[PDB]
Every structure is written in structure tokens, then in C-alpha cells.
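We begin with a single chain expressed as C-alpha cells, specifically the form deposited in one PDB entry.
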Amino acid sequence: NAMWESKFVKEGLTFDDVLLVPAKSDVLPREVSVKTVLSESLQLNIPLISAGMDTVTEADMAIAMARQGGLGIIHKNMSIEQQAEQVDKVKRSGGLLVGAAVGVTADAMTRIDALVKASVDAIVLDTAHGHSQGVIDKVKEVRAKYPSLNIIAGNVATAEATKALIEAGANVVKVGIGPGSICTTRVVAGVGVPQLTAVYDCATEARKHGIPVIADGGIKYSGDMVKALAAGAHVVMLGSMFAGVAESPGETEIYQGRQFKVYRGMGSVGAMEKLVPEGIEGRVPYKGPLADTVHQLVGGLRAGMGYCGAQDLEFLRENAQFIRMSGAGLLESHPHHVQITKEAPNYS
């Protein structure tokens, strides 16, 4: 009866539940290191990865990304020959880093070969439920065939799942079940773990095997990134904040005089039609080139590490302290009792 009595024990935290407490600082925002190492083959100058979705990352996005010091993951919602071409395309553009997503399917190894042939630096085996036997067995197969290949497996939300995938041979683990802006998983399936807690629990375990974790989803301001990083993540992955960018796939859609870009979940009827969906379709404001959005994110990270007296991303993960707050805390934490006049480059 022990499981029957534990159903409602666990409590979970999300980004907007917390604040990073300022700490003794000696280091200024321009001075801090934002470098990060996923592995031997995989080093990033900025801890950003653009999501593997048909409205977020194709060749042009992955390249603009890699030249910012970050990383692109080509979505798998295309042919095999096509993804391999675009992966090779990013590689011929200055010999820089590139990712490709593969689903746990029958044609998975066929896709992976063609991808390793095009010289991917990391494949991402993405699935709804990374804590699954099929997902384990696949990572085992792939680890067997390509012992040299960076393997990103997700998604997971628990310690148990983080361990299952590490042991199967995945060297980077991906955290997030249901925090995405376009995600309906928690609504339609009732399943999830608040992202902060899920980064924190998966990192605690992953820390032991010296394995890094990517916070995926739920990030809507630069300060969310800081929180996710400080809660244990090595790197964050973004969808919505990148979808509005000129280099992202999909052509600009006009709306109320303004310019927008389509942004849909890979699990939406829209993405799949090209069945019970776990995602929706919509649009985000046109934002400009990747370059200014990148600027605002990193600068936020830079100011947070400054506040936290963290010289590198390591010191931040291992030293940053949070403070929990109520919903009224959240109200104070955003602008309040003033009517906004101008748009800020980092706020709505």
C-alpha cells in the first residue's frame, strides 16, 4: 500500500515560482564566461540550442546559430536524403557544429547512417517519452554501432529516466515533458513535471555520471534561461524565442499590419499532416535576425551570473541559490501599476 499512499507526496517548482538570490559578486557582466562543454566533440561558446522543429531549425537557422556560438538541430519532418543534405550544408559553411533529430522508428538506423555520412556532430533521438523500452534499446543499438557519436536522448523528467538513458549510452540527456509554449501534453494526457524541478532532479542524477543535461521548453524570458542553467542544466533549448527569427524556416505571415511567423508543435495536426495531437498551431511576432535575439538572451545570462557572482557556468550550477515565492511574488517580479509605452528589446 506504499505506492497508494505516495500518490500526492511530490511537489514541483516552475521558473515563475522562483528567483535567484543575489550573492557576493566580484565579476562584471562583460567579464563572465558563457562557454560550455557538452563533451569531447561538442563545445559551445553560448549555451543555446535551437529546437528541432519545422518552424524553428533548418539549414539557415543552424548556421546562423553555429556562428553565434550555439547549435542547431535539423528537424526530422522531411526525407532522409534531404536532412543529410542540409546537415552537410551547415558543415560546408565554415566547418561548424550541427545537429539532426531522429525518431525512434524502424528507419532510424537508415537515417542515422546518412546523417553520420554527412558528418553530424550530434544526433538527437527525440520522443515523447524517453523513459521507454524502445527508446532505451535504440540508444543501445546506436551506441553499439557508432561509439564515437554524441547521443542526445530525451525527453525525460525524472532521476530514474535520466539514469536509464545514461546507462543505455546517451552522453547528453534532454529534460522536459510538457513545458513547451505550443505543448498540450499536460492538458491532453495529464502527464508532466514542472520544468525547474525536472531540470533539478535530472541533473542531480546526471551529475553523478558526469553527464550534462539540456533544459528543453518552457523558457520565455532570458531570466528563465538563467534559472534553468542555475538549476543544473548545461545548455538550454528554445522554440518560441527563436521561431520569430528571419533565419527560421517558414515565410513571414501578415497579421494586423504586423509581420508574424508560424510556430507549431511537432505534435500538432499541422506538423503531422504533412490522430490525437499533443500540440497546437499559431504564430509569433517577426523578431529580426537571430543576432539581436541572441544578444538579448546572452546579456540576460551575463547580468544574472553577475548578480550571482558566477564567473563561469560551472560556478553558477554548483553555487546558485533560489528563493521560492508566491503568485503575488510573481506579480511584483513583473512590471506593475504602470502603463507601458515602448517595447523593450527583451520584454514582450
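We number the residues from 1 along the sequence you see. In this text, the rigid core denotes the largest set of C-alpha atoms whose superposition between the two forms falls within 1.5 Å.
The form deposited in another entry exists for this protein as well; it is not shown, and the discussion that follows is about that form.
In a rigid core superposition between this form and the one not shown, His129 is the single residue of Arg143, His129, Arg207, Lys163 whose Cα is displaced by 2 Å or more. A displacement of less than 2 angstroms separates the C-alpha positions of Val193 between this form and the one not shown, with the rigid core held in common. Comparing the forms between this form and the one not shown on their rigid core, the Cα displacement of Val87 stays under 2 Å. A displacement of less than 2 angstroms separates the C-alpha positions of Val102 between this form and the one not shown, with the rigid core held in common. By 3 Å or more, the C-alpha separation between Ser181 and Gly300 grows in that other deposited form relative to the form shown here.
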